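In case you want the letters, here they are:
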Amino acid sequence: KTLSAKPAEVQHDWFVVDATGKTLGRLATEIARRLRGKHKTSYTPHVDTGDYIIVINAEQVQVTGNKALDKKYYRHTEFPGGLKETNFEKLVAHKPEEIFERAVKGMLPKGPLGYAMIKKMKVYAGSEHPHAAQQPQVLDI
Amino acid sequence: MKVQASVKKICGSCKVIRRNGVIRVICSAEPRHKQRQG
Amino acid sequence: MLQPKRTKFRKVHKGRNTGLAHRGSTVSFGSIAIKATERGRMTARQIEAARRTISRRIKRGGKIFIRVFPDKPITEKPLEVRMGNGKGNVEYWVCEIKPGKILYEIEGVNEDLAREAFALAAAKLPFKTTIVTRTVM
Amino acid sequence: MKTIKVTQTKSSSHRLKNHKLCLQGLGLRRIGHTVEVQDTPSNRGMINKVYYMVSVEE
Amino acid sequence: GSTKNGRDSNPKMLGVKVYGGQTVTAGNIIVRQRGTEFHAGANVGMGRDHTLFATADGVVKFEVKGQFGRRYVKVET
Amino acid sequence: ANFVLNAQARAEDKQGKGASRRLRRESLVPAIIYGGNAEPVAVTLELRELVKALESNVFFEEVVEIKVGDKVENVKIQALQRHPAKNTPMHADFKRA
RNA sequence: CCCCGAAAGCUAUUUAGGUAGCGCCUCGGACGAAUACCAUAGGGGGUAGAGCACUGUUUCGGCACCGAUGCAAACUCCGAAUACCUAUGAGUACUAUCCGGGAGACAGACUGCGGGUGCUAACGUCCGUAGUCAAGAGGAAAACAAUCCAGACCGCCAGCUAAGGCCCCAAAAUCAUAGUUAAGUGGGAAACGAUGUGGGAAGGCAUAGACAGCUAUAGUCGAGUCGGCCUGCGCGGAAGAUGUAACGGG
Ligand SMILES: [Zn+2]
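What counts, and where the lines are drawn
- Residues numbered from 1 in each chain as written, not as in the entry; some residues may be left out.
- Chains lettered and ligands numbered in written order.
- Part of a larger assembly, values for the part shown.
- Heavy atoms only, no water.
- Buried < 20%, exposed > 50% of the residue type's maximum accessible area, 1.4 Å probe, protein only.
- Helix = DSSP H or I, 4+ residues; strand = E, 2+ residues; numbered from the N terminus.
- Pairing = 2+ DSSP bridges.
- Right-handed = clockwise from strand over helix to strand, strands pointing away.
- Axes fitted to C-alpha atoms, helices over the stretch in contact; angles between N-to-C directions.
- Left-handed = near helix turned anticlockwise from the far one by under 90°.
- Contact = heavy atoms within 4.5 Å.
- Nonpolar A, V, L, I, M, F, W, Y, C, P; charged D, E, K, R; others polar.
- Near = heavy atom within 4 Å.
- Polar contact = N/O pair within 3.5 Å; in protein donor to acceptor, adjacent residues only side chain to side chain.
- Salt bridge = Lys/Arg side-chain N within 4 Å of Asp/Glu carboxyl O.
- Core = buried A, V, L, I, M, F, W, Y, C linked by side-chain atoms within 4.5 Å.

A. Expanded view of the pairing of strand β2 (residues 52–56) of chain A. Residue and element names in this part refer to chain A. Counting buried residues along β2, four of its five residues qualify, which places the element largely inside the surrounding structure. Examined bridge by bridge, strand β1 (residues 14–18) and β2 share five bridges and lie parallel to one another. Within β2, the residue paired with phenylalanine 15 across the bridge is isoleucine 53. A crossover connection joins β1 to the parallel β2 through helix α1 (residues 24–36); in handedness this β-α-β unit is right-handed. Both β2 and strand β5 (residues 121–123) contribute to a ladder of three bridges, which runs parallel. By the bridge assignment, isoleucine 53 is partnered in β5 with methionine 121.

Encoded structure:
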């Protein structure tokens, strides 16, 4: 009697969020909630029921304390000795979309469904986005 | 500079300061009294 | 190194060190004294070294009362030896120390010089210490 | 005769033998079981011995 | 080397067998002792090995008496 | 006149090891007063006031007045228990003068 | 398919990874509270602690002796809490005892407490005592026999709780009140060094002008300051080899 949502019956709605002056992690938790679909009464673990989210002004996100200088991002090329490192200020200057992708994917589920869910987040540095045709609504989160 | 675990003031011309979280002893006249904690 | 002239038994059990030193915590031979505040063991060589340090700085101008004696024998196995085949051989003597136990008293010396001598001596010991003065009650 | 209610609030799996026997002598057989007992020193002794796992309503 | 110790004797099971307030019949041993830790009183007998035994039916009792402070064990009928 | 120590009655429920440790945590020192013609009286004194009295030398050779309520007891210091390590006072005996 | 359910100990052994008797399991028969938990009453002790009156040892003073001072498994003028034995009793539990048929087992492990040995080392070794595993699933600790909570007859897409938790991965407060921290301390490491900050009890000095500087002890300057102790949190001491790798991650 407890029913599961039908993928063909799911409706994805478009929202736009401005990140100026907001805290990265506390924004990312809300983004993850809405991307997964925890806010809809038709939530189902195995079905994607989330909403499309567009982040603007991504370069203006903020961190507290000295994390701007101290937070470290690492990657490894599988060659011997290939550990590459960078910090928050340089990364937000260069590829802020990478900052947001790391933050959200670290909270999203790991698997095909999680990979599909993270595709509904669009991040842009400028105040403009190319998705006017979808008529997004302003979301304050 | 004398880098050591225990840093103290020797004469009355010495001053103990905190700089960027590091204890340093600086002497006005004698330059050899320069110490750093570490 | 102070050591007992004679004893009934050569080797003794390890035991346990617990409780406080209600006895021997009062100044009775001088005006100023050094007192331990945490428990441990104090060896004969440490006793002698601390006494030498205090005597040198006081310039042998007053009396130093030593109230610790290393009466407890301690054994050690040879080295490159397997477990078993009897208890080891006596190698040095120690004195058990409980919190509040007095170690050295100084008589007939200026208070500041005595405090400075105790400060020098404390750098040689393996436990925390403080300085106490005679009181009526 | 005045009377009291005793309730067992914890498991007796790994308790001491005499404490288990105190529970048995009071008549408590499982968690949540409540029993009615006469208020006498003999019963109070077992209750006090197993105080940490029982609740008394007087 | 080798230790020169390592010997001990078998146990002997010494001690008191009947405590105060207990009922005894004639012949019951009350105390097993290497020396005279306890002394026989009324209706109590002493053996060659200093064992104390009851010589009559009754109840055991312990006491302290005498100038020396000797501990005594007796039987009350 | 110089030494007037305030005190409070220490009933049976405030006696014993646990109650004494609780009082010392609350920064109070238990004490006892005994002497002829009257039964022993158990009181509680304040650590700061007792210490201030202790610094004075004449406090040991003069008479002192302990006040609990309207009652006044004139006594002299007889015994003083101290922590072997910290040296803080822990208990006191007072002989009626 | 159903019911019950151990042990890895003691003694002896050309015995040590075998066996035998006792201890522990199961079944049948004869008996019945004679058994156990708790309360009350009687009873011995020489350990914890403490002490110097014996034994031994230790330091300082005055004439082998005296005063003070300290120590001990194989010292004791003293001395518990527990544990143990007996007697009477309420309540709750088919307990206790005897005879016989059938065994298995005699390589144990971790943890807490009291100890010998060892270095107050070892996932070390040897005893006493309690729990668990062995022979036991479920939830928590990332993974993790021996830790914590808890004892699985079967089924339910019903409800309440324990340990542990309530921003996301991932169920539940981005809950409420009053404070602390600036180190990502939280989320490794001591003697020791300095003072970052919050609190507490005291002490010194001042518009007859305290404190730091500056001009000839003086004075333009001017209302706080000088120094110590205790205490909460925090800083340095801090170097290794595969790849961030010492909050599971974000
Ligand atoms: Zn200098």
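Still more ground to cover, so stick around.
B. View of the packing of α1(A) against helix α4 (residues 96–105) of chain A. Residues and elements named next belong to chain A. Where α1 meets α4, the axes come as close as 9 Å, and the angle between the chain directions of the two elements is 65°. The handedness of the crossing between α1 and α4 comes out as right-handed. Only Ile99, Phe100, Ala103 and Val104 of α4 make contact with α1, whose side of the interface consists of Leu24, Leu27, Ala28, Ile31 and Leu35. Among the residues making up the contact of α1 with α4, the classes are represented as nine nonpolar, no polar and no charged.

C. A look at the protein's contact with RNA strand G. By nearness alone, 76 residues border RNA strand G, and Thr2(A), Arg23(C), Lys128(C), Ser11(D) and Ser42(D) come closest of all. Here a sugar or linking oxygen of RNA strand G sits 3.1 Å away from a polar atom, N or O, in the side chain of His76(A). Separating a base nitrogen of RNA strand G from a backbone N or O atom of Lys11(C) is a distance of 2.9 Å. Taken together, the elements giving at least two residues each to the surface near RNA strand G come down to α1 and β3 (72–76) of chain A, β3 (63–66) of chain C together with α1 (17–26) and α2 (41–49) of chain D. Residues that form the surface near RNA strand G fall into these classes: 21 nonpolar, 27 polar and 28 charged.

D. Here's a closer look at the interface of chain C and chain F. At the interface, nine residues of chain C touch nine residues of chain F. Linking chain C with chain F are zero salt bridges. Connecting chain C to chain F are two residue pairs in polar contact. Of the residues assigned to the side of chain C that touches chain F, the class counts are four nonpolar, four polar and one charged.

E. Examining the environment of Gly25(A) more closely. Residues and elements named next belong to chain A. Tracing the backbone through its elements, the reader meets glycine 25 in helix α1. For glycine 25, a relative accessible area of 32% corresponds to the partly exposed category. Sequence-wise, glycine 25 and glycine 50 are 25 residues apart; in three dimensions their C-alpha atoms are separated by 19 Å.

F. Spatial organisation of the nonpolar core. If you look at the biggest cluster of nonpolar residues, it comprises 25 residues, and the most contacted ones within it are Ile31(A), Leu35(A), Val55(A), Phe100(A), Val104(A) and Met121(A). Every element with two or more residues in this core is listed here: β1, α1, β2, α3 (88–94), α4 and β5 of chain A. Looking at this core, the element that brings in the most residues is α1(A), giving six residues. Among residues more than four places away in sequence, those in contact with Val55(A) are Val17(A), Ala19(A), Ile31(A), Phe100(A), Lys122(A), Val123(A) and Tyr124(A). Listed in part, the 21 residues of the second largest apolar core include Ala36(C), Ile97(C), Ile106(C) and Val109(C).

G. Layout of the pattern of salt bridges. The final tally for this structure, using the stated rule, is 19 salt bridges over all chains. The shortest N-O distance in the salt bridge between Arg33(A) and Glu30(A) comes to 2.7 Å. Highlighted residues: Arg33(A) and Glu30(A), both in helix α1, separated by three residues, approximately one helical turn. Notably, a salt bridge pairs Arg67(C) with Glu105(C), separated by 3.6 Å at the nearest N-O pair. With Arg67(C) in the loop between β3 and β4 (72–76) and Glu105(C) in strand β6 (residues 102–107), this residue pair connects regions lying 38 residues apart in the sequence. The class for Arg67(C) is partly exposed, based on a relative accessible area of 24%. The structure contains a network of salt bridges with shared partners spanning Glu30(A), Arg33(A) and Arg34(A).

These results come straight from atomic positions and should not be treated as a statement about function.
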